[PDB]
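# Before the rest arrives, take these chains from my complex:
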Amino acid sequence: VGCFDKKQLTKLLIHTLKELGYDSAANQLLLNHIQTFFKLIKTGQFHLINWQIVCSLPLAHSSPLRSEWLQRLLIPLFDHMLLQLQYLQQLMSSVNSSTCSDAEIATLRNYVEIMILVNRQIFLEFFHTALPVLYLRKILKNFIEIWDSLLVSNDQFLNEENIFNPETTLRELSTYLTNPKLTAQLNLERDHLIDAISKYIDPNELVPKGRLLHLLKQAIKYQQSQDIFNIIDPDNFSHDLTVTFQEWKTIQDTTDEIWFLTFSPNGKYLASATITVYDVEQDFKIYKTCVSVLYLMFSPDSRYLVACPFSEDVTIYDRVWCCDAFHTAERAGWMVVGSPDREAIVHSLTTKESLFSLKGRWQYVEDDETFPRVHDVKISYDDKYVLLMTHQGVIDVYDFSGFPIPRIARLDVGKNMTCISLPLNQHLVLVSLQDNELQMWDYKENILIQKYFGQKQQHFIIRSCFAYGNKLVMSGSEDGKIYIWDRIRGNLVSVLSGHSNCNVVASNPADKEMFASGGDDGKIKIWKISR
Amino acid sequence: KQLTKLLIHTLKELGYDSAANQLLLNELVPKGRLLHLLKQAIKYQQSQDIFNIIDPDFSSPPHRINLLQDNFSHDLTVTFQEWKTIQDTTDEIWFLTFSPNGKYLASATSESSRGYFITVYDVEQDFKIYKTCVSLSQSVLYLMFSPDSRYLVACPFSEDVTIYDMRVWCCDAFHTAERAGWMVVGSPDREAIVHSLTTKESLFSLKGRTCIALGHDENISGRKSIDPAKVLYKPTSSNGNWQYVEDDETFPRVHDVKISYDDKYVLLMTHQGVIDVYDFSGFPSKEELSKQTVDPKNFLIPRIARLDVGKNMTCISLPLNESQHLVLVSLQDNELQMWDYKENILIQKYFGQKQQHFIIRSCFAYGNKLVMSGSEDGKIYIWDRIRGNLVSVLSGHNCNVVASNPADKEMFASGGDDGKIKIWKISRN
Amino acid sequence: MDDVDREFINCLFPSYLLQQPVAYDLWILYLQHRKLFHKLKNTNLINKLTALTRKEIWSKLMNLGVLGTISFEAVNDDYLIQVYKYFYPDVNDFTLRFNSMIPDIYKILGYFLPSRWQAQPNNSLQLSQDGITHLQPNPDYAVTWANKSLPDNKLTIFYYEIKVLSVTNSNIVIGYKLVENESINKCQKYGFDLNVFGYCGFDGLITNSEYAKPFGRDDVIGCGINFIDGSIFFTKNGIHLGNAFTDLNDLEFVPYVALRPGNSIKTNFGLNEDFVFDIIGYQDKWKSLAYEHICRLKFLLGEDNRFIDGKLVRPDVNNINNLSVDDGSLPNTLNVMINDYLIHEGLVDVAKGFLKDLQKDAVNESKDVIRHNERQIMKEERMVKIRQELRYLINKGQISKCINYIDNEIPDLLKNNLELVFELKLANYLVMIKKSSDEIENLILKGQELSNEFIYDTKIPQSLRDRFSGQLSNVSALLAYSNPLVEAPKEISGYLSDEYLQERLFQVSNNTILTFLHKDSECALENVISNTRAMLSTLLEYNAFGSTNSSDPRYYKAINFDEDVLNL
């Protein structure tokens, strides 16, 4: 059938039809070991689980046991598990001869782990007096010790997160004993055990839970991978068309260049830094002129503009080089100032009443060196993180727990940096650089996700940003072209040319489909997407 | 729950009518839908892999399909196998070139036994020597094969040119038939020439017959300094006017010449670190110059673009037969760039080889899938083209020349200081 | 120290260096990674499915750039390992998982001293995969130095030895080099720059200058630096030559070798093989010299008379503490101080014996001390009986009666001192657990009752509530065994030791009783010992002047307090 295997297709169909809830169709289309073990677990008669009802499972990685150990392991509810442990104990004295090809032990370890999981479920079922101790001590300390021996006699354990598992398991089990509340707050039903056991089994013999849905989602991803302008987000098709980029409105307001642009957090105003504010919902009629400035911001209420001049201190409309406001309603109305003088003092829109100035403010360490010299700041949307530029090509991230100070991480990049452009509403950040590149970092885990190539940027200052939700990433360039990359994949989707360098690009955080670009030719243009 | 209707339809389709009928208790979905969605998902899973290198050519049964867990490879899906070693008369090797028809190999030795003679090996007859050439003893430097796959052109170090049958350090030939048997020569004396390799009188010089930069596109850029007329070579263009300004500067030393496959674009290296591209799209045809009295040297040629990269270049290469206006450039400081010359765009950067103090080549291979280069070690570096990540580092020596086969798709030769000429075959895909 | 940690640390670090005052931070270094080495002592530590080194390897490869426009998600681990093998061939399959036949694990421990020769960026040299076993300057198209640079204000003596085993009088220039680096051109042309203190081998003449004879085919040459008086010396074949340099304190150095392309060497920094020069026999000489130089009303001392609200104005005088044996003030102060310590904690019988004995020894200043001492021993008589009773109760293992006694005598203490009653009740529980050997049906009830008392009351603060749980879990982990004093691990069995219970309940309780009644709890003797041990470290931290100017011996670098003075 096609190029797949007919038997696999039939088995997948049967499991899917069963999983949907239907019974007769699946039970009729027929014309096990894992199944009977899972039934034993589900109904619950653990006293019937002998060794050979476990050793018969088709382990995911390796081949079954050699037909010498299973003989000693099949010589034939506290007494049942004690008997199983006694049967196991002799295999260690037999294997003391140390004749193993680094794989027989690699299977015995899995079997011991499955048995310990079942015993752990048995133990935790006692909390839902003097019986748990007699159970734990013998019938679990012996298994834990044996498992630790088997694990130690391998050249396979990761030093980090594979070597202390028996110790931490026994510690947790023993501390649950004189503290029963944790047993209640545990979510210890009889299906997570089946989940873990299934994780231990071969995945091409036990059909993974919900596979056809997974493959359908993958096929939808493949279809979406043909056109990157869509709303679908996980019958016939959802692709095979074409789209385009069209500019439609221009503003030849003056002959001077443009340093900075910004769009209202509600998509109803356009700022400029030639200060002018344009209405955007009324066919771009000049709203007002406010009276050099090199940075703009809007309040989260989309009411108050905040300039950031060159030498004068600040200005607000109904040295300092950057400013970013918070978002949380609890701490709303508060904002953060920057300065190329190693200073950063929280502040607000009362033109006074300063606050924490960080110019000298699971483990902790002593204070480090000084002179941060911030350039650009960003505030996480959950207001729980503050991102600061430096001039030596590093970023600092600070944690803000509650006002009504440590640093979580220091991201190193090397070359000189530029705009930061926090993603639009995991954790991400889009740092622009010289050396003709863009980087998509990750400030939570301090790792570089990926790079973007192809925009001329040397000895100047250019701007980049997100667009079209968080699906496209665009930037300016030295040659007057706008560059537009796909974000998930990282290929050059489009290179438009509408300036003759282009400095700034911005978007509505209110309209999915349009943006604006401004350059040094004395122009401001509005672009939109045709289908 | 639209899934239910599709499942019933496919169950009835495959052959279990009774099961579908028992199950029975938005436009009439077509025949074989799941057998298509599963193929789409399999293609996506293959795409998400990293080891797959797509052979340029569904019906693969080799127990390598399983729709129960995600399927992916572990080793690289392709393999490189050394096959031969032509290590006779190991003095020094500098340059290798195959033929367009893939029936000969040409190697440029250095002063070993019979002068600075070069060698041409057969390929079918077990790589036996087909012709050892007699050359003026000056350690010849550049080689080229005519598009007719017959003529061989050799450019030495000491101001001469040799043509063989079956200072100028830059040779290339035209591929289109409309201008047959014409070649372009580039020299470090700031000279570019059009030449015919059977009569060899001259056809057209350069260094003084080029209008700089073509000014602008439809005069939008303005940039008025000095404006000549429309006496520039141009057909009935529908893209814009490209004969705007006749600015000038000192002609730059040329260290490599390339010609596109439509005779429409010639790329010239410089010494300072810049590439410049010209377009003989209006150059007189062979038939229109054989009889008509149209004459160059009272004319000029436009310049489409000027690719600025920085450091000093070493070699440029072109693909064989995502856009098709690509070029691969080598340069010092341990890098390898890819550019779109007809657009002035940087596509991709390749790192890993050790490139300093020498002259090291590079090329495409496996049709277009791989990009290989030498280095200052004995190693050979092979990258994936589309994404630019290492795929292999073989050992073949320092090694300073590589070349692929433009006719066999599966073989390529190497060459290093120690004279070994290794042949490698690419298999398993 | 146990019977395994001593052996492991001896196997790890060089012998002569554990006898310096810089053994303390080395022991801390080892102690930070005790359990891991305990586990790993099984196998796979005698001469890949990454888990969390994934991100570090990814970053270290993307630093070079051999990965282009490829997302962090959806990366095949084996692909990363394969590409890593091309640029880090010597990776010994252990870093991915992350006498002494132990490979280079000192990267984990952060061992801050040189261990191997490091390879230059060029290929004009080749070292046998260790930087120690075999260094040879391979045929041309040769200088190098050690990886780390030893500090100056953290140790006393350093010494390493090389063995020449190939010849072109050999032609190797070895020694120390001042560090302002990652000046090399002249080092590669000649055998030394203007800042390379080295012992040549052409003739033997010291660099930058008839010093000694040349070495040859098979010779062992060691280069030792002595920070006590700022000297650099060389030795050959175990015979100490003369000291080569002088007056070199307050600098920074690194081992350095320049080798001609005809000779090969095998280095040794003392980690694996022992030396031949007997560096210990050189170090103890200087230790004895330092000891010789250092140790060859009125008696009662009050607060320092130079303190004004955190301001220490220093009267311009010769010295601050004029106590001398010849005058006799030192024995007087020592006697009053020792009696104060004795009557501070029990042992009042020994104090009375001391008073009697120094009443007998004196013959017709040395009686004012006796009179004051008698007044002191007779005034504080009520607290001494309480202390002795407390000692008897704690040593008898009757902690409940101890609580009854403490509440009985001092009325208003326990009602608002919860952080002490917890430390007492937990010890009572531990005593019950230790004694029980079918009370196991009652241990559980007792533990649950006291946990519910000290955890789920929520009138207590948050940090205290969180802290009262860790101790309870730790003591609970004891029940899983049957003979916890032997089967249990080191710490959990440490809870049951005589030390913890008997010598810590008393230490906490006595000081609590004293500090509640508004009396100082410092004995002014262990204060003296701790102050001395801290003063030695604070002198070592700041390179200090010895006697007059910073060119004489600095003798505080040889006083290893604990192992040489505090242990008989």
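Yes, it's here. Numbering: from 1, shown residues only, chains lettered A, B, ... in the order given.

# residue ranges for the helices of the stretch 251-400 of chain C, please.
With helices called from DSSP state H, counting those that start in this stretch, the stretch 251-400 of chain C shows them at C:279-294, C:329-344, C:348-361, C:368-379, C:382-395, C:399-409.

# hmm, who's touching the first one?
So that's helix C:279-294. With contacts defined as CB atoms under 8 Å, 6 or more residues apart in numbering or on different chains, helix C:279-294 is touched by C:15-16, C:19-20, C:156-157, C:159, C:224, C:226, C:228, C:240, C:555, C:558-560, C:564. In short, each C-beta sits where N, CA and C put it, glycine included.

# what number of residues lie near residue C:89?
Using other CB atoms under 10 Å in any protein chain shown, the number of residues around residue C:89 comes to 8.

# What is the burial count for the residue of the stretch 101-250 of chain A found nearest chain B?
Scanning the stretch 101-250 of chain A for proximity to chain B using CB to the nearest CB identifies residue A:222 as nearest, at 3.6 Å. Taking other CB under 10 Å as the criterion, the count of residues near residue A:222 is 20.

# Any buried residues in the helix or strand encompassing it, and which?
Assessed by DSSP states H and E, residue A:222 sits inside helix A:211-224. For helix A:211-224, a neighbour-count test (16 or more other CB atoms under 10 Å in any protein chain shown) marks A:211, A:212, A:215, A:216, A:218, A:219, A:220, A:221, A:222, A:223, A:224 as buried.

# Let's have the residues you listed in JSON lines, adding distance to chain C.
Formatted as JSON lines, the buried residues of helix A:211-224 follow (distance: CB to the nearest CB, whole Å):
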{"residue": "A:211", "distance to chain C": "19"}
{"residue": "A:212", "distance to chain C": "22"}
{"residue": "A:215", "distance to chain C": "17"}
{"residue": "A:216", "distance to chain C": "20"}
{"residue": "A:218", "distance to chain C": "13"}
{"residue": "A:219", "distance to chain C": "17"}
{"residue": "A:220", "distance to chain C": "17"}
{"residue": "A:221", "distance to chain C": "12"}
{"residue": "A:222", "distance to chain C": "14"}
{"residue": "A:223", "distance to chain C": "18"}
{"residue": "A:224", "distance to chain C": "16"}
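
# Same list (those residues) but as JSON lines, adding distance to residue A:521.
Output for these, formatted as JSON lines (distance: CB to CB, whole Å):
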{"residue": "A:211", "distance to residue A:521": "56"}
{"residue": "A:212", "distance to residue A:521": "55"}
{"residue": "A:215", "distance to residue A:521": "51"}
{"residue": "A:216", "distance to residue A:521": "50"}
{"residue": "A:218", "distance to residue A:521": "46"}
{"residue": "A:219", "distance to residue A:521": "46"}
{"residue": "A:220", "distance to residue A:521": "43"}
{"residue": "A:221", "distance to residue A:521": "41"}
{"residue": "A:222", "distance to residue A:521": "42"}
{"residue": "A:223", "distance to residue A:521": "41"}
{"residue": "A:224", "distance to residue A:521": "37"}
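
# with the structure above as the base, add chain D:
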Amino acid sequence: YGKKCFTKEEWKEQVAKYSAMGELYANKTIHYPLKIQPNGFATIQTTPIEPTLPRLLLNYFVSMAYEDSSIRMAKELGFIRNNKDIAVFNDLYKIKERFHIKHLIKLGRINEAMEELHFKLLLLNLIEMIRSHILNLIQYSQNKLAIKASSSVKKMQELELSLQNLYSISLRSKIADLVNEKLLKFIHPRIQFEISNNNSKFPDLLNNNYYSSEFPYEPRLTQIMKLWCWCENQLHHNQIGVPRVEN
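One more piece, chain D, placed on the ones above:
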């Protein structure tokens, strides 16, 4: 005074950064304070104060020839069991005889002590004879000193003989202490042998290098106090300031 000037809290923090082992390491969740407020906000440390003083106390008691205190401190440490080990311990360091000799020499009755260096003891005997208020003196001096006069020039200078120091008690106590140190040095090897092969229970309370040849045979606490005063004064010579010890 501007090098590293300290404050009470800062110096306390600097001191506290030792983390003494105390044989209860590997249990890093034990060392924390108490913060006992009432009586107000105080602090008490749970780490052992100094886990080695009770041996230095015994060393001081034994080496100063203090008998009763030695016996009591040996009792309160775990070395004594009965009324026979008392005798063998009192004969192991022969405390009583050393104390009697030292007390006699300090008292000035040189001859009685002598009936059990030597030149200095004879010099003190001659000083006593002169302080008593001759042919017999001539014969005495001639024999017992010309047998030892021709040794150096220092001895002659000493024999020639400030005014209130020659007759003081310090000159009668310094030589007593020095002879006590000499008897300790003489006695020490036998304790080593006895505890080594004769399988004793008591330990060795005393340990051309000066350290190994003259350092142990002296009260160890006195050496520690010497070093303490030396270090406290050495900090002052480099303008570094630290707080002193209060009482």
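
# Go back to the contacts of helix C:279-294, now with chain D?
Here helix C:279-294 has contacts from C:15-16, C:19-20, C:156-157, C:159, C:224, C:226, C:228, C:240, C:555, C:558-560, C:564, D:209-212, D:215, D:226-227, D:230, using CB under 8 Å, 6+ apart.

# If we use 7 Å, what do you get?
Contact with helix C:279-294 is made by C:16, C:19, C:157, C:159, C:228, C:555, C:558-559, D:209-211, D:215, D:227, D:230, as judged by CB atoms under 7 Å, 6 or more residues apart in numbering or on different chains.

# Distance from stretch A:212-227 to the middle of the chain?
Offset of stretch A:212-227 from its chain centre (CA atoms, centre = their mean, to the nearest Å): 21 Å.

# and if you look at stretch A:309-321?
37 Å.

# okay if I get the contacts of helix C:279-294 as a markdown table plus distance to residue C:514 and secondary structure?
Shown next, in a markdown table, are the contacts of helix C:279-294 (distance: CB to CB, whole Å; DSSP: H, G, I helix; E, B strand; the rest coil):
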| residue | distance to residue C:514 | secondary structure |
| --- | --- | --- |
| C:16 | 45 | coil |
| C:19 | 39 | coil |
| C:157 | 45 | strand |
| C:159 | 50 | strand |
| C:228 | 43 | coil |
| C:555 | 39 | helix |
| C:558 | 38 | coil |
| C:559 | 33 | coil |
| D:209 | 44 | coil |
| D:210 | 42 | helix |
| D:211 | 39 | helix |
| D:215 | 36 | coil |
| D:227 | 29 | helix |
| D:230 | 32 | helix |
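
# out of the residues you listed, who has the most neighbours?
Most neighbours among the contacts of helix C:279-294, by other CB under 10 Å: residue C:558, with 24 neighbours.

# Quick check: closest non-adjacent residue to that residue.
residue C:290 (3.9 Å; CB to CB, 6 or more residues apart in numbering or on different chains).

# ok, now how distant is the one you found from residue C:528?
20 Å (CB to CB, to the nearest Å).

# And residue D:8, by the same measure?
17 Å.

# of the two, who's got more company?
Remark: of residue D:8 and residue C:528, residue C:528 carries more neighbours, 21 against 11, as counted by other CB under 10 Å.

# And the host helix or strand of that one, what's buried?
Using DSSP H and E, residue C:528 maps to helix C:526-541. Residues of helix C:526-541 classed as buried: C:526-540 (neighbour count, 16+ other CB under 10 Å).

# Kindly report the same for stretch D:174-190.
Neighbour count says stretch D:174-190 has D:175, D:176, D:177, D:179, D:180, D:181, D:183, D:184, D:188 buried, by 16+ other CB under 10 Å.

# Doesn't the third one lie inside a helix?
Yes: the assignment for residue D:177 by DSSP: H, G, I helix; E, B strand; the rest coil puts it in a helix.

# Based on its surroundings, how many neighbours for the nearest residue to residue C:356 once chain neighbours are set aside?
Nearest residue to residue C:356 in three dimensions, chain neighbours excluded: residue D:68, at 6.0 Å (CB to CB, 6+ apart). Other residues within reach of residue D:68, judged by other CB under 10 Å, total 18.
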